[PDB]
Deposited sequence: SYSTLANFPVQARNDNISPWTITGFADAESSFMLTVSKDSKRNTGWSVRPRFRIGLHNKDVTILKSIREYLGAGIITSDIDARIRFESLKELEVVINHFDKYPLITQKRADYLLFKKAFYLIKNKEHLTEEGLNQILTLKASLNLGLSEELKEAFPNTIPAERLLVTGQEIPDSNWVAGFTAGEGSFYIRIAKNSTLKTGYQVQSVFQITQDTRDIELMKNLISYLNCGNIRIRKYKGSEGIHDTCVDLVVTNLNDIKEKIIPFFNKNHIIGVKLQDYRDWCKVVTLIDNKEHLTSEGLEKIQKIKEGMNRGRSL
């Protein structure tokens, strides 16, 4: 059974809180307003969604061009709010959650069925994710976007949060670089990585302190990158051995571990070992069938 903090870490990475405001003749305000919480993944990772659904006892799972679990009914969203109230998000998505939660209360309480409440919903939608469309701006021109929490000074709440976040944003890959100064003609490196938009660089720096390794790379997006071999051996691998990765990426993690073993035993410095490692690498990540 998945940990609640794993769920929150994974949602910090992959989830979306949404408000749809659609023109509708059939409604008394002329508009339809509805809240949504959703996680959408590659079809191969439907199992993660089933795990979340089994934990919470709510959510509708679909699989077509992608796999999604959605929470749209007031009963389902109540389960979502109860969870995140207990196990709070720590990325900037915490701010989206707070806007969403205010909207949920307005809708749950039917205040959205008034001109006043509808207008308030629009201030919330305006600061949530991508904000108001041109059409919505045209229809609600005097909307002042609600204040958005700048999320700051957040501590890593639990080791399983890190496992969930990494299952969403992390990468375990083997880097092979053509390099003539090596006997085999190639350098072999094991790499652990977490990627995130710079809006959360503070969190990323906190992750470096928390895991006690890694460097910050800015490209904007930020990468937490661990390349040091016995930071990988004695910190990253022990960490994720206790705090488990979920989804197909677990298989990538396992293969990654195997190559790290081969590297630790210097087999990457031989032609045969390099061939071994390449074969494993080719079956990992994007190369996994």
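Gaps without C-alpha coordinates occur at 1-15, 235-244, 315, with positions taken along the deposited sequence from 1.
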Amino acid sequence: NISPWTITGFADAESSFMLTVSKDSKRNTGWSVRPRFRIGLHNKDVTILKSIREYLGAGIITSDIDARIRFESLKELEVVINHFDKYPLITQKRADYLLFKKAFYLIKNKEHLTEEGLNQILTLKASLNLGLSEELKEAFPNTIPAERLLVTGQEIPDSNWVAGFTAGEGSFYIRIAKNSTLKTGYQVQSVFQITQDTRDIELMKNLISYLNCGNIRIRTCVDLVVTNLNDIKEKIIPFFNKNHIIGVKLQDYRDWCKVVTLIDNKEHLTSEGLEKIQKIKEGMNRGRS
From here on, numbers count along this sequence of modelled residues.
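Of the two segments examined, 160-168 and 132-140, it is 132-140 that shows the higher average Cα temperature factor in the deposited entry. Looking at 9-17 and 267-275 together, the entry lists the larger mean B-factor for 267-275, computed on C-alpha atoms. Per the PDB record, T152 has a higher Cα B-factor than any other of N119, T152, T198, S190.
Ranking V33, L250, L262, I69 by the C-alpha B-factor listed in the PDB entry places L262 at the top. Among the modelled residues of the chain, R217 sits in the highest third by CA temperature factor in this PDB entry. Per the deposited record, the Cα B-factor of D231 falls in the highest third when ranked against the other modelled residues of its chain.
In the deposited entry, the Cα temperature factor of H244 places it in the highest third of its chain's modelled residues. Annotation for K183: CA B-factor lies in the highest third of the chain's modelled residues. Among all modelled residues in its chain, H112 ranks in the middle third by Cα B-factor.
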